[PDB]
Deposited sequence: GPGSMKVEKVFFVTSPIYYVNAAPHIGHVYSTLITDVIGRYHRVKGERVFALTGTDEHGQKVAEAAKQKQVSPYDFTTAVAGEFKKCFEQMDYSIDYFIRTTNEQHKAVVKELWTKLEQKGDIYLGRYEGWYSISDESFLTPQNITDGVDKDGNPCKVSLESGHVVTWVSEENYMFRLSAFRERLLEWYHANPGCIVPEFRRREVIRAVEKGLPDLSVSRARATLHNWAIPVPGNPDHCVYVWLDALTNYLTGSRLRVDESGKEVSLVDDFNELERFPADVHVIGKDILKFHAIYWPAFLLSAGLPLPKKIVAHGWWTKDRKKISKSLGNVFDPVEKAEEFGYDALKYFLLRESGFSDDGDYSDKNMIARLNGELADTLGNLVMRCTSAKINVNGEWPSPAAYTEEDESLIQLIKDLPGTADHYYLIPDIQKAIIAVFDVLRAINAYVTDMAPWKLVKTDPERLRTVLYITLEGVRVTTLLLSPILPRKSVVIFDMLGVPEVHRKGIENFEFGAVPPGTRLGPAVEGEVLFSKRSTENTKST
């Protein structure tokens, strides 16, 4: 069924400045968005900020400034950061937005009418820093900034506090069977698979009901009032999760400002999310609470939740800084190549340089220069191939198979594997070039060079197309060197081998141009 491909990041708490975690989550969101746009689909990619709640209000009180001022400023820092990082997110949502607040009230009211919200009590542990309710099994002993004996979260290690409050309760327990049915009927709905197993095991064990309001004093009045009861505020997570629904309902202008909230999500064809990108730290909220709310409201469920191995929240790592040093595309490639769904990845300067030099410069960059060199490509054009050998055909087969292979990986989604698949083809092309030695062929066998050169050019085009969501700016430079017309830089038609006809002219040269400058050890 044709709809707008809808991909999201988490919305980030504004208690603190943007750092690598948020940049990474949003980068994944952006790449998925970009790949689907490259496929020729309609796309709406969403990111933003989570601005209410005890955590933010206490950060504001520490900084000695009003929550309104504080959130607006920090939100500004997130926007600047995401502009600097050269993402292509369609909209930046803030939970302080009045249209979002309206949507939250609608959803709350819907849950209440459905009978799924009642007045009760929460008495138990709470991590303010995670805005999370915890059972006694999920806490243990530890220390605070003052070095005092306190209780901490087993999840996150943050300080926990005992809360005893009359709260509005959501009947989460009533949704256990339906959630299990959903997980089992849609075994690709949570990625990676071991995180899916975790969610299933947790829900199988049983679900308590969930507090969805707090006393207003507790949150320093910095939250959305409960409809028909201004003594209570809406739980920051029901508030926050609802952003995906709000985003799905905002008409947005050319400048990126929201201009209108539609009544019916179907009008914009975005809801529900095709992919919610999150960190492992917020899996329960997105794979248990969120769908339970949607089930209560009779709203459609998201297709995929992908949870990565990082946390969303004297060893600094600043992505803007590193991008200015090593290059923006390069840095993005590294972050997406270096790690899959684990915390198991060497993010040092040494490894960054190793991948820059080895993969980007020596494998990709070298190859681009070879097939566009005046020495080898004497006519500065795509030549017409002669007859193919069996060796030619083996390389051609790999290039033809690549789009389907990379497509599946992108759709999982598993961006690391998609990159590896493309670079496996790039290594193969390099080896082919080394065996055919086109530099010798210029004098020896011009007819044979035509064939070798054409396959090389075409291999570079196809790999680069499939890499364009990862290296958005560098892909443009490469296509410019190859003289690939704009029309051939996107669309599934152009995944096919042979889409750029012989006789196409290469792009102009530059006196000492390089794609990726190698760096010292």
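No alpha-carbon coordinates exist for the deposited sequence positions 1-6, 320-328, 537-542, given here in order along the chain.
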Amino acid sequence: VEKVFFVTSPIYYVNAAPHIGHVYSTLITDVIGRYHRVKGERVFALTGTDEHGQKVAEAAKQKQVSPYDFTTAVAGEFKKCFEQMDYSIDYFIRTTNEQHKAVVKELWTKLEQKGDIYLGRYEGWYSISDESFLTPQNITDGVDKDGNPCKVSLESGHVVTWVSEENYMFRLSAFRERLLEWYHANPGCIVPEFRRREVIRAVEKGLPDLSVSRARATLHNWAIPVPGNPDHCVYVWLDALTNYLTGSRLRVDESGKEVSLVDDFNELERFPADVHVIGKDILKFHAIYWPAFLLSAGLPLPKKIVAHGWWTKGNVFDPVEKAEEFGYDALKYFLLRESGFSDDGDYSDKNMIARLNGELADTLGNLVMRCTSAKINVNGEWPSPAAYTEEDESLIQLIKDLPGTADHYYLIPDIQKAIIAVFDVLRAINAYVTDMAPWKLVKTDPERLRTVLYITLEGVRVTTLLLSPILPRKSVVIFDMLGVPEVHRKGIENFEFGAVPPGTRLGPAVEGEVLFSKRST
From here on, numbers count along this sequence of modelled residues.
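Rigid core (definition): largest C-alpha set, two forms, superposition within 1.5 Å.
Across the superposed structures in 9 other deposited structures of this protein, aligned by the core, the stretch whose Cα atoms lie more distant on average is 339-347, chosen from 249-257 and 339-347.
Relative to the shown model and aligned on the rigid core, the C-alphas in 9 other deposited structures of this protein deviate most, among 142-150 and 370-378, for 142-150. Of the two segments examined, 437-445 and 302-310, it is 437-445 that shows the higher average Cα temperature factor in the deposited entry. Averaged over Cα atoms, the B-factor as recorded in the entry is higher for 70-78 than for the other of 418-426 and 70-78.
Residue-level inspection of the entry shows that, of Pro225, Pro291, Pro319, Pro192, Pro319 has the top Cα B-factor. For the set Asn377, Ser213, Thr95, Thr405, the maximum C-alpha B-factor listed in the entry falls on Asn377. Compared with the other modelled residues of the chain, the Cα B-factor recorded for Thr456 ranks in the middle third. Residue-level temperature factors show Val487 in the middle third of its chain, judged at the C-alpha atom. Sort the chain's modelled residues by C-alpha temperature factor and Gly340 lands in the highest third, per the entry. Among the modelled residues of its chain, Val143 has a C-alpha B-factor that falls in the highest third, as given in the PDB entry. In the deposited entry, the Cα temperature factor of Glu390 places it in the middle third of its chain's modelled residues.
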